[PDB]
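Undergrad: Once you've had a glance at the structure underneath, I'll fire off some questions.
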Amino acid sequence: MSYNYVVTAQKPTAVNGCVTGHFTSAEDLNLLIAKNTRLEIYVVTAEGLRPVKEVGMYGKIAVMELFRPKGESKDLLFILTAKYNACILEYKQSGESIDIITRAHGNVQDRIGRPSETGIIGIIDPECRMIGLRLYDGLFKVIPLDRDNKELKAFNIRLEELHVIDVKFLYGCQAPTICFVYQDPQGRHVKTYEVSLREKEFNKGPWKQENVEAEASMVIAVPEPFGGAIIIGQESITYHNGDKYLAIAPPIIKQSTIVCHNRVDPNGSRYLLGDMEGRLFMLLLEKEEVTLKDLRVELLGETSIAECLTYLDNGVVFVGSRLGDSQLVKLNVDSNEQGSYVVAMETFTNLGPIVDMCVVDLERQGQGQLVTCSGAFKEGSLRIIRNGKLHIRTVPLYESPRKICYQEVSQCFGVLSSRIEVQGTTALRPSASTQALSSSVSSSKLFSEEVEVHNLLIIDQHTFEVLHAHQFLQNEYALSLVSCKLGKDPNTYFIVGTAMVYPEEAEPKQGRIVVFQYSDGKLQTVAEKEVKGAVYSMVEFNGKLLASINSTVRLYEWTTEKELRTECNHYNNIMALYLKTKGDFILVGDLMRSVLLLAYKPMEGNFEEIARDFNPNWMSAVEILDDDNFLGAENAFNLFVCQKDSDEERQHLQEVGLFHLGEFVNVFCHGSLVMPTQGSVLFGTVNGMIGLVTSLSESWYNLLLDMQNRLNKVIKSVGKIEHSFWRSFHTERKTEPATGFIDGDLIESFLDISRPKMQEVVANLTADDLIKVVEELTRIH
Amino acid sequence: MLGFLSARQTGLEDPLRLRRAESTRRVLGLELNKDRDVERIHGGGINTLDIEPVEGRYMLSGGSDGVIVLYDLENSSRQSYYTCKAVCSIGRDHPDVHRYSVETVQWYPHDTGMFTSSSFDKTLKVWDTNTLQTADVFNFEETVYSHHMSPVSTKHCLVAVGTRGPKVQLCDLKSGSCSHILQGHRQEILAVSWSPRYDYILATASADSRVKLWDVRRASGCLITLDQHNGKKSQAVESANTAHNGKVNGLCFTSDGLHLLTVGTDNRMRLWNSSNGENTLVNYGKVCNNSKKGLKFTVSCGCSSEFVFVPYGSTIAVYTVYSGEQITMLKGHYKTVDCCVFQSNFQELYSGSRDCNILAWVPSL
Amino acid sequence: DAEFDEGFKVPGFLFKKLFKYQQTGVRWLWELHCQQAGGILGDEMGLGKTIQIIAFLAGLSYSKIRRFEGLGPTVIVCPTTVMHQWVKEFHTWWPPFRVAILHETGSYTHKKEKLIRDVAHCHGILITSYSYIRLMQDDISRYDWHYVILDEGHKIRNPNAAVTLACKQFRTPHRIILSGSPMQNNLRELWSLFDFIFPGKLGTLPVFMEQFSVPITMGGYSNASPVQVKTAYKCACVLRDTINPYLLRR
Ligand SMILES: Nc1ncnc2c1ncn2[C@@H]1O[C@H](COP(=O)(O)OP(=O)(O)O)[C@@H](O)[C@H]1O
Ligand code: BEF
């Protein structure tokens with residue numbers, strides 16, 4: 001059995017959902033922000049946001065909506081978790097003490113069901129008669145509220161349409177009436193149903209199905225004066241109230257898709273609309289005496305790429321971004337002489353999608369210092385993280401970074417970047433590749449809307465300025481990037497593995513391994529090698545280059561001529577996506593066969609499949625903890641540790657560790673941000689969490705597991721979710737309790753409880769001993 | 001594929017997107033793998049295959065010669081080429097060997113240690129996998145065409161058995177009770193399938209062209225009788241309300257259990273709403289079957305679009321469940337295909353046939 | 001009030017009057033309702049089966065559960081001597097029910113078919129006798145009754161008596177038998193009772209006889225060899241398991 005300790009070094013920063021309402025008091029205007037597992041409650045002050053509470057859910061908050069049942073003084077909060085823990089929470093302040101009481105909870109996971117493509121939708125009737133959840137294809141779950149539950153008993157209504165894009169409750173309807181866009185082979189249509197809680201089934205909606213734009217993806221329920229709905233598609237915005245059909249095609253919204261919206265007014269005369277480019281639009285409803293006259297869209301300006309946006313008051317808009325820093329902007333009445341009304345008031349740091357990261361002992365201290373490729377298209381950046389809490393520098397790249405490696409001898413970072421050009425081509429904005437000191441483009445003899453251009457950025461490790469930007473070939477995607485010295489020559493090379501991406505194909509057939517040398521402020525191309533696939537990953541492996549072309553893992557040697565020459569191949573992979581190394585052993589994370597322990601037996605000069613995990617886990621990242629412990633991250637937000645067991649059953653890796661992280665790990669890396677536990681592996685996630693896995697001994701693992709159970713018996717979670725259920729390994733075809741993993745968050749929460757609760761924890765084990773233990777545990781991050 | 005990897009790594013798309021789109025791509029690229037083989041042990045045609053639901057490692061196979069084979073589908077060898085070796089076999093020398101054709105074999109859901117198999121020797125035998133000895137035998141007065149255990153029943157352990165008799169036998173493996181019978185059909189029940197969604201919902205298809213949905217708890221007959229037209233041709237129900245214009249010899253619930261696929265000897269496959277048995281009017285074209293026994297066909301699971309793999313003569317026709325568009329026809333067998341079973345972990349298909357072969361279809365690349 | 005699994009409440013006063021086993025029985029009746037099965041209240045004579053039935057029906061009307069809203073038109077078939085005993089117990093325990101008697105004694109004084117019609121169309125409890133069920137099956141079965149409680153239902157024990165065939169003509173799933181002795185001479189009688197409450201469980205009388213009656217009987221004759229005794233024990237265990245969910249016998 002493995003003994004691993006997982007803890008949060010940096011809590012998730014990506015805002016996956018934000019709502020406004022009167023949650024903490026009838027007079028307070030609250031901003032509730034869901035970062036993946038954290039619910040952050042602020043009060044909308046006349047200036048900025050005043051934090052009041054930050055709670056940790058035992059769940060990824062998939063749905064988060066405020067609703068006020070009749071007679072209630074202040075808004076209750078409905079939260080649905082990714083594992084389908086539903087809860088209704090109320091905020092109760094008793095002087096200094098703050099609580100989040102669970103007015104109701106349950107688990108609404110159907111045992112079986114195809115979870116819907118567009119993802120978990122949760123809507124609440126505008127009169128709070130029911131919570132409609134679209135979780136699975138062809139079903140629509142209803143949680144009644146008039147029947148005041150404490151267990152949230154919910155029932156399915158069979159929905160005759162199986163591909164539902166979006167759904168909302170309409171306003172000004174005597175019955176709960178849903179309006180949804182669905183896709184059938186004949187196109188996309190908007191349909192309405194009336195929900196009968198008494199008959200527990202749908203009825204004919206107020207206005208029959210209507211054939212809408214092909215890419216209709218948004219439904220906006222419009223409040224009572226107008227009623228109806230506003231369906232946003234790519235090229236049109238259309239308004240339906242049953243007989244009225246307003247339709248506009250503002251040319252300004254054709255360039256990008258509208259992905260979030262928010263009702264500025266109570267009467268829905270104005271909406272904010274956020275697109276994937278970061279533009280912010282204002283959709284205006286002109287009333288007639290009331291009916292609706294016409295629709296207008298005006299471009300307010302630009303923000304961070306909004307996942308969610310909420311209008312607070314007095315022109316203040318919170319732009320909650322998953323890809324970039326969240327924003328608090330102001331909407332000016334007059335333009336800024338640049339055509340923009342948006343003016344950023346405040347910025348909330350978001351380590352965005354952490355797609356890669358490295359630990360460099362920069363400044364030649366004894367302290368590690370993370371450098372992460374954070375963010376995406378316009379919000380891409382390098383974040384430098386260090387303890388001092390964690391201080392986060394930001395280097396705006398203005399283009400999506402993809403990989404990063406540190407070349408110490410040259411005092412630089414090599415960063416794979418990607419920028420989107422439209423037309424031959426034109427950059428939509430000045431990206432860090434385009435403002436390098438020097439530049440170059442790949443002139444290769446091997447291969448002879450909007451496109452992605454890829455560059456290799458050499459960035460100064462003192463000033464974090466782009467010393468150089470080498471553009472790669474047309475239609476060439478740089479995927480992997482390693483900095484290393486090969487063979488016996490002394491030069492340290494930037495080695496980039498690329499692929500040729502054409503729309504005519506689903507998997508690249510062409511690619512190359514380019515060897516660069518950074519010297520004298522220039523990036524010379526020292527070598528090239530045409531390979532017959534995408535080079536997803538390269539690790540330097542005992543003086544040799546170990547690349548993973550589409551399904552083959554092959555080992556290249558650096559010859560005295562300075563070219564790459566193959567030494568051995570390995571083919572038993574669906575897609576070798578992740579490569580790691582420790583000594584003679586290679587860990588291969590696959591697209592869906594999940595891990596493979598390979599050995600380069602040097603005496604022969606070929607690979608040997610030592611062990612394999614035969615479970616179908618879709619990896620997102622992999623790491624080697626010990627000689628025989630292999631950390632892995634499945635795309636279902638789970639961590640598992642495999643172990644070479646102890647005949648042909650010795651070729652079976654044993655999954656001795658299981659743990660549901662709730663985060664999508666993109667990268668592991670050995671290192672620590674600090675000056676009892678063995679090893680230290682950081683990982684960065686899509687939500688912006690930085691976590692830390694380390695090995696425990698058996699004795700302390702037993703002790704900490706015991707205290708974990710005690711804290712579960714004592715600490716009460718917000719939605720009355722069980723910690724063991726939350727950390728249970730979860731996949732659509734498998735579900736097991738956690739094991740071999742200790743939630744260091746729950747352990748470290750042993751300090752934030754009063755002394756009587758501590759004795760409740762420490763019945764049969766003195767307390768001060770465990771205070772010392774948990775302090776020593778917190779020492780690691 | 002690189003767009004999908006970048007969208008997954010950067011959080012634009014839920015990882016479910018990449019899983020499902022890639023599983024679909026793998027299903028469309030399904031092709032006869034000569035890079036994988038299944039060891040030939042059956043002297044007769046393979047009628048039935050069943051991959052275990054938990055871990056999907058092992059496969060059962062029932063032959064026309066009365067043997068049962070238990071295969072390992074994991075590539076335990078370090079080569080990229082491997083033969084799915086036969087771990088066990090209830091052979092001609094096994095004292096409990098079936099005396100005639102094994103028409104169905106099924107793993108016990110929830111556990112690999114027991115599996116059940118029914119034969120034309122008028123027996124449903126329960127086998128303990130580890131000792132490979134029979135634990136129980138349910139003798140019937142009439143030969144068994146198809147049995148099925150509920151894939152979902154954490155509560156009951158009934159086996160629905162369809163024989164040439166007009167009644168559906170329910171056998172309780174917990175204290176052995178083979179008395180319960182569902183009466184209301186008029187000819188041989190050629191296919192039985194428990195709902196994967198509802199613990200006590202059973203779909204039964206018979207040679208009298210009728211498919212009935214039952215609630216085995218209920219004391220008042222079949223819930224629903226599937227009707228081709230849904231009321232256009234309506235008659236006081238004594239002979240009307242046929243699902244097909246021939247024998248209905250195949251049943252398969254879709255993955256989510258909200259729809260039912262029936263195949264009949266009218267050379268048609270129909271898609272029905274499993275809640276109210278209403279025909280969805282999905283076309284599916286013409287599905288050549290003339291099988292005189294139960295026709296075992298499967299659906300896909302966990303793809304962007306669901307598929308149905310139906311035996312089409314000597315080929316396996318792949319159709320989209322919810323649009324009818326025939327994806328393709330996998331042709332690698334030499335005689336009529338009797339059964340196909342889907343390995344949901346890797347989008348692999350195994351199909352048996354009367355030519356005493358079991359062919360693996362794996363995605364290309 | 002006492003509340004059960006889904007929506008079934010029985011009034012607090014009516015419930016408080018009951019004993020622990022009687023309320024266990026009211027529960028059991030209502031799981032039978034939920035599964036849409038019939039069953040045999042087999043509690044032996046004197047324990048009070050009229051009260052469990054009346055309490056359950058009263059909680060069925062009082063809970064307003066969902067075709068019929070609450071309680072539909074139910075028929076109680078009983079020996080002739082207890083029709084008025086049933087009426088008395090209904091009037092003391094749940095007075096809101098309209099409880100008619102379908103008999104010569106009766107209280108109607110018009111065409112009996114009219115009484116059956118009216119009770120079918122106002123959701124009353126029609127208390128009749130086995131003789132009347134035999135004689136008026138033409139009228140008793142045209143009305144879709146909600147429950148078919150048979151009191152001393154072992155009058156259905158002969159699968160070939162005309163009363164038996166008549167009582168097995170009710171289309172409803174909610175069949176109940178009250179009999180503290182639901183087996184009197186042999187297992188064929190048990191088969192007949194279970195063929196009324198749930199036709200399929202025990203098979204056709206062919207299968208039931210061959211599988212259970214011949215084995216279970218042949219192991220009780222004095223001269224029975226040990227092997228045949230053990231077969232009888234095994235078959236008895238199987239039969240008890242099979243009929244456990246639908247017999248409640250305290
Ligand atoms: N819980 C109770 N409280 C008061 N009287 C009861 C109760 N249960 C039964 N009785 C009385 O016991 C008597 C016998 O019950 P009865 O229903 O006739 O027995 P059986 O179960 O044989 O039909 C009835 O007259 C009834 O009034
Ligand atoms: F005592 Be009797 F069975 F009503």
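If you're wondering about the labels, chains in the structure tokens are A, B, ... by order shown, residues count from 1 in each chain, ligands from 1 in order shown.
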Mind checking which residues fall within 9 Å of stretch 115-124 of chain B, counting only C-alpha atoms, ignoring those fewer than 2 positions away in the same chain, and posting them as a ChimeraX atom specification?

TA: /B:60,62,66,68,98-109,111-113,126-129,136-149,161,163

Undergrad: Residues near residue A:124, anyone? I mean within 8 Å using only C-alpha atoms, not counting same-chain ones fewer than 5 positions away, as a PyMOL selection string.

TA: chain A and resi 65+67+129-132+169

Undergrad: Restricting the output to C-alpha atoms, write the selected residues as a PDB file, in the first residue's frame.

TA:
ATOM      1  CA  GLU A  65     -27.958  29.830  -7.988  1.00  0.00           C
ATOM      2  CA  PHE A  67     -33.471  31.759  -4.948  1.00  0.00           C
ATOM      3  CA  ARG A 129     -41.628  26.250  -7.197  1.00  0.00           C
ATOM      4  CA  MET A 130     -38.940  23.816  -8.374  1.00  0.00           C
ATOM      5  CA  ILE A 131     -35.295  23.346  -9.323  1.00  0.00           C
ATOM      6  CA  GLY A 132     -34.893  21.923 -12.815  1.00  0.00           C
ATOM      7  CA  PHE A 169     -37.530  28.890 -16.894  1.00  0.00           C
TER       8      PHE A 169
END

Undergrad: Counting only C-alpha atoms, a student should be able to say which residues of chain A come within 12 Å of chain C; what is the right answer, written as an MDAnalysis selection string?

TA: chainID A and resid 147 153 198:200

Undergrad: Any chance you could export the current selection's N, CA, C and O atoms as an mmCIF file, in the first residue's frame?

TA:
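Output below, filename part17.cif:
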data_model
loop_
_atom_site.group_PDB
_atom_site.id
_atom_site.type_symbol
_atom_site.label_atom_id
_atom_site.label_comp_id
_atom_site.auth_asym_id
_atom_site.auth_seq_id
_atom_site.Cartn_x
_atom_site.Cartn_y
_atom_site.Cartn_z
ATOM 1 N N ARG A 147 -43.310 21.451 -1.898
ATOM 2 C CA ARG A 147 -43.177 20.355 -0.951
ATOM 3 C C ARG A 147 -41.839 20.521 -0.247
ATOM 4 O O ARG A 147 -40.806 20.079 -0.758
ATOM 5 N N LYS A 153 -35.931 15.198 -2.437
ATOM 6 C CA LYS A 153 -36.450 14.129 -3.274
ATOM 7 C C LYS A 153 -36.792 14.713 -4.636
ATOM 8 O O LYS A 153 -37.516 15.711 -4.729
ATOM 9 N N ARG A 198 -47.814 18.109 -9.983
ATOM 10 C CA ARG A 198 -48.878 17.212 -9.557
ATOM 11 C C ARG A 198 -48.942 15.996 -10.468
ATOM 12 O O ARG A 198 -48.999 14.856 -9.997
ATOM 13 N N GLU A 199 -48.934 16.226 -11.778
ATOM 14 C CA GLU A 199 -48.872 15.134 -12.735
ATOM 15 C C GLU A 199 -47.448 14.654 -12.963
ATOM 16 O O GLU A 199 -47.261 13.600 -13.582
ATOM 17 N N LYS A 200 -46.451 15.395 -12.473
ATOM 18 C CA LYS A 200 -45.049 14.990 -12.562
ATOM 19 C C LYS A 200 -44.647 14.740 -14.009
ATOM 20 O O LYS A 200 -43.958 13.768 -14.323
#

Undergrad: Select the residues contacting ligand 1 at a distance of at most 8 Å, based on only C-alpha atoms and all ligand atoms, then format the selection as JSON, numbers by chain.

TA: {"C": [17, 18, 19, 22, 43, 44, 45, 46, 47, 48, 49, 50, 51, 52, 89, 151, 178, 179, 180]}

Undergrad: Next, the residues of the selection above should be written as a compact mmCIF listing (two decimals), in the first residue's frame with N, CA and C atoms.

TA:
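Okay, again_33.txt is ready:
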# COMPACT_ATOMS: atom_id res chain seq x y z
N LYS C 17 -54.52 4.03 18.10
CA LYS C 17 -55.40 2.97 18.57
C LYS C 17 -54.83 1.59 18.29
N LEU C 18 -54.03 1.44 17.23
CA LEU C 18 -53.55 0.13 16.80
C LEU C 18 -52.46 -0.38 17.73
N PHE C 19 -52.18 -1.68 17.62
CA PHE C 19 -51.07 -2.30 18.31
C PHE C 19 -49.84 -2.31 17.41
N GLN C 22 -50.22 -4.63 14.50
CA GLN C 22 -51.23 -4.16 13.56
C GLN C 22 -50.69 -3.04 12.69
N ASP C 43 -52.66 -13.40 9.76
CA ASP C 43 -52.64 -13.38 11.21
C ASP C 43 -53.79 -14.21 11.74
N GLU C 44 -53.49 -15.09 12.69
CA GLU C 44 -54.47 -16.09 13.04
C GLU C 44 -55.64 -15.44 13.77
N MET C 45 -56.71 -16.20 13.91
CA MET C 45 -58.01 -15.67 14.30
C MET C 45 -57.91 -14.88 15.60
N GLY C 46 -58.60 -13.74 15.64
CA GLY C 46 -58.71 -12.94 16.83
C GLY C 46 -57.70 -11.82 16.96
N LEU C 47 -56.62 -11.85 16.18
CA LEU C 47 -55.60 -10.82 16.32
C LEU C 47 -56.06 -9.48 15.77
N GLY C 48 -57.03 -9.47 14.88
CA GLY C 48 -57.57 -8.24 14.36
C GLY C 48 -57.00 -7.97 12.99
N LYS C 49 -57.71 -8.44 11.98
CA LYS C 49 -57.39 -8.21 10.59
C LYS C 49 -58.35 -7.23 9.95
N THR C 50 -59.56 -7.16 10.50
CA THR C 50 -60.50 -6.13 10.11
C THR C 50 -59.94 -4.75 10.42
N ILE C 51 -59.26 -4.61 11.55
CA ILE C 51 -58.76 -3.30 11.96
C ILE C 51 -57.55 -2.90 11.13
N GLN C 52 -56.65 -3.83 10.83
CA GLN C 52 -55.53 -3.49 9.96
C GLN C 52 -56.02 -3.08 8.58
N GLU C 89 -67.50 -2.24 12.22
CA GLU C 89 -66.11 -1.86 12.44
C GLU C 89 -65.72 -0.66 11.60
N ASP C 151 -62.51 -11.48 2.83
CA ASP C 151 -62.42 -11.86 4.23
C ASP C 151 -62.75 -13.33 4.38
N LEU C 178 -57.96 -12.15 3.73
CA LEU C 178 -57.90 -12.26 5.18
C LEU C 178 -58.26 -13.69 5.53
N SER C 179 -57.30 -14.42 6.09
CA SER C 179 -57.58 -15.78 6.53
C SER C 179 -56.48 -16.18 7.50
N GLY C 180 -56.84 -16.38 8.75
CA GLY C 180 -55.87 -16.88 9.70
C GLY C 180 -55.50 -18.33 9.50

Undergrad: Hey, what's within 7 Å of residue A:113 if we count only C-alpha atoms and toss same-chain stuff fewer than 5 positions away? As an MDAnalysis selection string, please?

TA: (chainID A and resid 136:137) or (chainID B and resid 256)

Undergrad: Taking C-alpha atoms for each residue, export the selection above as a CSV table (one decimal), in the first residue's frame.

TA:
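The resulting file, out.csv, is reproduced below:
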chain,number,residue,atom,x,y,z
A,136,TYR,CA,-28.4,13.4,-18.4
A,137,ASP,CA,-29.6,13.0,-22.0
B,256,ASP,CA,-29.2,4.7,-20.7

Undergrad: Extract the full set of alpha helix (DSSP H) residues from stretch 83-211 of chain C according to DSSP on the backbone, and format it as an MDAnalysis selection string.

TA: chainID C and resid 83:93 112:122 130:135 137:140 162:167 187:197 205:208

Undergrad: With N, CA and C atoms retained, could you export that selection as a compact mmCIF listing (two decimals), in the first residue's frame?

TA:
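This went into selection.txt:
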# COMPACT_ATOMS: atom_id res chain seq x y z
N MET C 83 -70.88 -9.57 7.44
CA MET C 83 -71.05 -8.35 6.65
C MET C 83 -71.38 -7.17 7.55
N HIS C 84 -72.28 -7.38 8.50
CA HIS C 84 -72.64 -6.32 9.42
C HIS C 84 -71.58 -6.10 10.48
N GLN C 85 -70.79 -7.13 10.81
CA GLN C 85 -69.61 -6.92 11.63
C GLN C 85 -68.64 -5.97 10.94
N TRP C 86 -68.42 -6.18 9.64
CA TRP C 86 -67.56 -5.27 8.89
C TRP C 86 -68.13 -3.86 8.87
N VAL C 87 -69.44 -3.73 8.66
CA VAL C 87 -70.05 -2.40 8.63
C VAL C 87 -69.87 -1.71 9.98
N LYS C 88 -70.09 -2.45 11.07
CA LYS C 88 -69.90 -1.88 12.40
C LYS C 88 -68.47 -1.41 12.59
N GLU C 89 -67.50 -2.24 12.22
CA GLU C 89 -66.11 -1.86 12.44
C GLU C 89 -65.72 -0.66 11.60
N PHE C 90 -66.23 -0.58 10.37
CA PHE C 90 -65.97 0.59 9.55
C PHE C 90 -66.60 1.85 10.14
N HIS C 91 -67.82 1.73 10.68
CA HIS C 91 -68.49 2.92 11.18
C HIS C 91 -67.86 3.42 12.48
N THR C 92 -67.34 2.53 13.31
CA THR C 92 -66.63 3.00 14.50
C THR C 92 -65.23 3.51 14.17
N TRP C 93 -64.50 2.83 13.28
CA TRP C 93 -63.09 3.15 13.10
C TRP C 93 -62.87 4.28 12.10
N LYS C 112 -80.25 -4.17 -7.11
CA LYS C 112 -78.90 -4.36 -6.59
C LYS C 112 -77.86 -3.83 -7.55
N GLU C 113 -78.07 -4.05 -8.85
CA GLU C 113 -77.16 -3.53 -9.86
C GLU C 113 -77.01 -2.02 -9.71
N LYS C 114 -78.08 -1.34 -9.31
CA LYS C 114 -78.00 0.08 -9.03
C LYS C 114 -77.06 0.36 -7.86
N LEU C 115 -77.11 -0.47 -6.81
CA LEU C 115 -76.21 -0.28 -5.68
C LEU C 115 -74.77 -0.43 -6.11
N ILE C 116 -74.48 -1.47 -6.89
CA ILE C 116 -73.11 -1.69 -7.35
C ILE C 116 -72.66 -0.51 -8.20
N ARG C 117 -73.54 -0.04 -9.09
CA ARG C 117 -73.22 1.12 -9.92
C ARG C 117 -72.88 2.33 -9.06
N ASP C 118 -73.76 2.64 -8.10
CA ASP C 118 -73.55 3.83 -7.28
C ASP C 118 -72.25 3.74 -6.50
N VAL C 119 -71.94 2.58 -5.93
CA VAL C 119 -70.70 2.45 -5.18
C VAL C 119 -69.50 2.56 -6.10
N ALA C 120 -69.60 2.04 -7.32
CA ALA C 120 -68.52 2.21 -8.28
C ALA C 120 -68.31 3.67 -8.65
N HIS C 121 -69.38 4.47 -8.66
CA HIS C 121 -69.29 5.86 -9.09
C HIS C 121 -69.19 6.86 -7.95
N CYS C 122 -69.19 6.42 -6.69
CA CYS C 122 -68.91 7.31 -5.56
C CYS C 122 -67.82 6.76 -4.66
N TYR C 130 -69.76 -14.28 -0.65
CA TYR C 130 -69.21 -15.12 -1.70
C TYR C 130 -70.31 -15.60 -2.64
N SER C 131 -71.49 -15.87 -2.09
CA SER C 131 -72.61 -16.29 -2.92
C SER C 131 -72.97 -15.21 -3.93
N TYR C 132 -73.02 -13.95 -3.48
CA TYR C 132 -73.34 -12.86 -4.39
C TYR C 132 -72.24 -12.64 -5.42
N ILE C 133 -70.98 -12.83 -5.02
CA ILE C 133 -69.90 -12.70 -5.99
C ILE C 133 -70.05 -13.75 -7.08
N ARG C 134 -70.45 -14.96 -6.70
CA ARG C 134 -70.73 -15.97 -7.71
C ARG C 134 -71.91 -15.56 -8.59
N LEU C 135 -72.97 -15.04 -7.98
CA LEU C 135 -74.22 -14.85 -8.70
C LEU C 135 -74.24 -13.60 -9.56
N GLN C 137 -71.37 -11.79 -10.79
CA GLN C 137 -70.11 -11.44 -11.43
C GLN C 137 -70.33 -10.66 -12.72
N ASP C 138 -71.48 -10.85 -13.36
CA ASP C 138 -71.81 -10.05 -14.54
C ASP C 138 -71.80 -8.56 -14.23
N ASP C 139 -72.26 -8.18 -13.04
CA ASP C 139 -72.32 -6.78 -12.63
C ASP C 139 -71.16 -6.37 -11.75
N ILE C 140 -70.71 -7.26 -10.86
CA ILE C 140 -69.63 -6.90 -9.95
C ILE C 140 -68.36 -6.60 -10.71
N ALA C 162 -66.96 -22.38 -8.38
CA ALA C 162 -67.42 -21.24 -9.16
C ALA C 162 -67.08 -19.92 -8.47
N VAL C 163 -67.15 -19.90 -7.14
CA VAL C 163 -66.76 -18.71 -6.39
C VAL C 163 -65.31 -18.35 -6.70
N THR C 164 -64.44 -19.36 -6.80
CA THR C 164 -63.03 -19.11 -7.06
C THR C 164 -62.83 -18.46 -8.42
N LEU C 165 -63.42 -19.06 -9.46
CA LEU C 165 -63.32 -18.48 -10.79
C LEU C 165 -63.90 -17.07 -10.81
N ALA C 166 -64.99 -16.84 -10.08
CA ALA C 166 -65.59 -15.51 -10.04
C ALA C 166 -64.64 -14.51 -9.40
N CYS C 167 -64.14 -14.82 -8.21
CA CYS C 167 -63.27 -13.88 -7.50
C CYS C 167 -61.99 -13.61 -8.28
N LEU C 187 -51.61 -28.40 -0.08
CA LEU C 187 -50.96 -27.24 -0.67
C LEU C 187 -51.70 -26.69 -1.89
N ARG C 188 -52.59 -27.48 -2.49
CA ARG C 188 -53.40 -26.97 -3.60
C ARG C 188 -54.21 -25.75 -3.17
N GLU C 189 -54.65 -25.73 -1.92
CA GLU C 189 -55.40 -24.60 -1.40
C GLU C 189 -54.54 -23.35 -1.32
N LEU C 190 -53.29 -23.51 -0.87
CA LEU C 190 -52.36 -22.39 -0.87
C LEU C 190 -52.13 -21.89 -2.28
N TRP C 191 -51.99 -22.81 -3.24
CA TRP C 191 -51.83 -22.37 -4.61
C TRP C 191 -53.02 -21.56 -5.07
N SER C 192 -54.23 -21.99 -4.72
CA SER C 192 -55.41 -21.26 -5.16
C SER C 192 -55.42 -19.85 -4.58
N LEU C 193 -55.07 -19.73 -3.30
CA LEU C 193 -55.05 -18.41 -2.67
C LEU C 193 -54.01 -17.52 -3.34
N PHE C 194 -52.80 -18.04 -3.55
CA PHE C 194 -51.76 -17.24 -4.18
C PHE C 194 -52.03 -16.98 -5.64
N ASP C 195 -52.78 -17.85 -6.31
CA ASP C 195 -53.23 -17.59 -7.66
C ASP C 195 -54.29 -16.51 -7.70
N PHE C 196 -54.94 -16.23 -6.58
CA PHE C 196 -55.81 -15.07 -6.53
C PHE C 196 -55.04 -13.78 -6.25
N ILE C 197 -54.16 -13.79 -5.24
CA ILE C 197 -53.48 -12.53 -4.92
C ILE C 197 -52.38 -12.20 -5.92
N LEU C 205 -50.85 -24.61 -11.79
CA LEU C 205 -51.06 -25.71 -10.87
C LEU C 205 -50.29 -26.97 -11.26
N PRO C 206 -50.11 -27.27 -12.56
CA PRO C 206 -49.10 -28.27 -12.94
C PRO C 206 -47.76 -28.12 -12.24
N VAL C 207 -47.10 -26.97 -12.43
CA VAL C 207 -45.76 -26.79 -11.90
C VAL C 207 -45.80 -26.78 -10.38
N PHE C 208 -46.77 -26.09 -9.79
CA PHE C 208 -46.82 -26.04 -8.34
C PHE C 208 -46.99 -27.43 -7.76

Undergrad: Which chain B residues are at most 9 Å from chain C (counting only C-alpha atoms), as a list in words?

TA: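 Taking only C-alpha atoms into account, residues 170, 172, 174, 175, 176, 177, 178, 179, 180, 181, 182, 183, 217, 218, 219 and 220 of chain B sit within 9 Å of chain C.
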
Undergrad: Return as a ChimeraX atom specification the residues belonging to chain B that are within 7 Å of chain A, counting only C-alpha atoms.

TA: /B:1,9-11,15,76,78,80,197,256,345

Undergrad: Run DSSP on the backbone and tell me which residues of stretch 110-298 of chain B come out as strand (DSSP E); list them as a ChimeraX atom specification.

TA: /B:114-119,123-128,133-139,144-149,158-163,168-172,181-182,189-194,201-206,211-215,224-225,248-253,259-264,268-273,298
